[PDB]
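First listed ligand is number 1; within each ligand, the first listed atom is number 1. For reference, positions follow the sequence shown, starting with 1. Values below: every heavy atom of this structure, side chains too, minus hydrogens, waters and symmetry copies.
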Amino acid sequence: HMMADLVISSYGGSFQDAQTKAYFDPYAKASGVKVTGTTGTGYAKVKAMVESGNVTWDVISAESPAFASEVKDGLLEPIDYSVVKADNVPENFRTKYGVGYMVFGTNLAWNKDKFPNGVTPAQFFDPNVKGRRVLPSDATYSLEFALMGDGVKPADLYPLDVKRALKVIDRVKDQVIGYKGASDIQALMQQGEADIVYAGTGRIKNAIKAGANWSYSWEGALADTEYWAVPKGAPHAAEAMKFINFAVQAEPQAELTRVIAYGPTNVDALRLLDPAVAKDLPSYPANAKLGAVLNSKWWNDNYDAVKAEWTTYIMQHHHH
Ligand SMILES: O=C(O)[C@@H]1C=CC(=O)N1C[C@@H](O)[C@@H](O)[C@H](O)[C@H](O)CO
């Protein structure tokens with residue numbers, strides 16, 4: 001039998017399928033190493049894993065607030081830049097402990113069979129608008145969307161008014177059917193068991209490709225960066241750096257954006273992409289101006305406090 005030579009932790013579902021097609025399988029073919037994708041990535045699981053000393057993840061995909069909390073707790077190995085060679089990825093994305101490989105939007109989407117006319121962020125947070133709502137599982141993304149739904153202009157979000165954001169969620173808590181992960185949200189859209197959600201653009205667009213009659217907008221959307229990183233104690237840290245080097249190249253980056261509606265950080269992947277793909281990405285001006293970019297520094301400074309309040313809030317008000 002063959003034990004995985006490289007275990008990569010991600011978010012499952014259609015996004016993990018897209019990473020498998022663009023990154024994992026092409027790396028496995030090129031290196032002759034078995035690449036196995038798994039789920040569960042996040043600060044809590046990376047922290048528990050690294051501190052136990054029983055590290056089974058070689059590479060993680062970390063969204064920027066999770067990446068910040070992981071760097072803060074010293075849970076990651078410094079990236080080997082003598083191995084990771086992608087000068088096409090701008091300097092800001094090439095950090096000490098991680099390489100930003102993707103830009104993704106989180107958007108308001110609605111079931112066209114319930115809302116043929118669409119829904120605005122203010123309507124999502126209006127109790128008079130009836131529909132089964134799904135929010136994200138953590139406070140990240142959720143709070144920014146609530147504030148923009150309450151009239152905070154996207155450019156004015158930070159520092160977040162956490163008390164206000166929670167009162168805004170509270171207005172519609174009785175119609176929220178879950179605080180969920182991405183794969184669970186796409187499943188609810190496809191089954192037609194939700195009416196309005198806030199989810200990654202790629203998840204929404206893949207649900208539509210699968211036949212879900214939904215639409216979405218960039219109003220009140222939040223953009224963020226995803227990083228590749230290596231947990232401290234990774235059994236195959238050198239293999240992990242070679243995978244990261246491979247994955248951040250223009251061709252694998254272009255393939256990812258071709259399969260799912262998330263953007264590359266490799267500026268050279270834009271040279272390889274058809275111009276029409278640009279209009280569905282978070283950086284496209286028409287899209288960017290209607291929402292905001294997640295402020296990783298604010299989350300770095302406030303995540304622990306916000307997380308304790310969010311966990312208390314969700315434990316008290318969850319009803320499904
Ligand atoms: O899996 C996805 O397609 C997207 C794309 C990158 C990413 O971090 N994703 C997950 C987030 O949209 C989101 O589900 C987040 O992990 C949760 O809200 C918990 O913070």
Exercise. Is the shortest heavy-atom distance from the side chain of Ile185 to the side chain of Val134 under 4.5 Å?
Worked result: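 Sidechains of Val134 and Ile185: in contact.
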Exercise. Can we say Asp156 and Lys153 salt-bridge, meaning some charged N sits less than 4.0 Å from an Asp/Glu carboxylate O?
Worked result: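 No, this pair does not count.
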Exercise. Do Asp195 and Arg132 sit within salt-bridge range, that is, some charged N less than 4.0 Å from a carboxylate O?
Worked result: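 Yes, charged N to carboxylate O under 4.0 Å.
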Exercise. Which residues pass the salt bridge (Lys or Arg N to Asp or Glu O under 4.0 Å) test with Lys180, sequence neighbours left out?
Worked result: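 Salt bridge (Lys or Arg N to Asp or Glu O under 4.0 Å) list for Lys180, sorted by chain: empty.
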Contact table, ligand 1 N/O with protein N/O, distance under 3.5 Å:
unit_1: ligand 1; atom_1: 1 (O); unit_2: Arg203; atom_2: NH2; d: 2.8
unit_1: ligand 1; atom_1: 3 (O); unit_2: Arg203; atom_2: NE; d: 2.8
unit_1: ligand 1; atom_1: 3 (O); unit_2: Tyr262; atom_2: OH; d: 2.6
unit_1: ligand 1; atom_1: 8 (O); unit_2: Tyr11; atom_2: OH; d: 3.2
unit_1: ligand 1; atom_1: 8 (O); unit_2: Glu63; atom_2: OE1; d: 2.9
unit_1: ligand 1; atom_1: 8 (O); unit_2: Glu226; atom_2: OE1; d: 2.8
unit_1: ligand 1; atom_1: 14 (O); unit_2: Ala182; atom_2: N; d: 3.4
unit_1: ligand 1; atom_1: 16 (O); unit_2: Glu63; atom_2: OE1; d: 2.7
unit_1: ligand 1; atom_1: 16 (O); unit_2: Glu63; atom_2: OE2; d: 3.4
unit_1: ligand 1; atom_1: 20 (O); unit_2: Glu63; atom_2: OE2; d: 2.7

For this session: Please work out which of the three classes, parallel, tilted or perpendicular, describes the rings of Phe124 and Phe145, given edges at 30° and 60°.
Result: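 The rings of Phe145 and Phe124 stand perpendicular, inter-plane angle above 60°.
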Problem set entry | Spacing of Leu256 atom CG and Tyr23 atom OH [to the nearest 0.5 Å] |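 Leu256 CG to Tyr23 OH: 3.5 Å, rounded to 0.5 Å.
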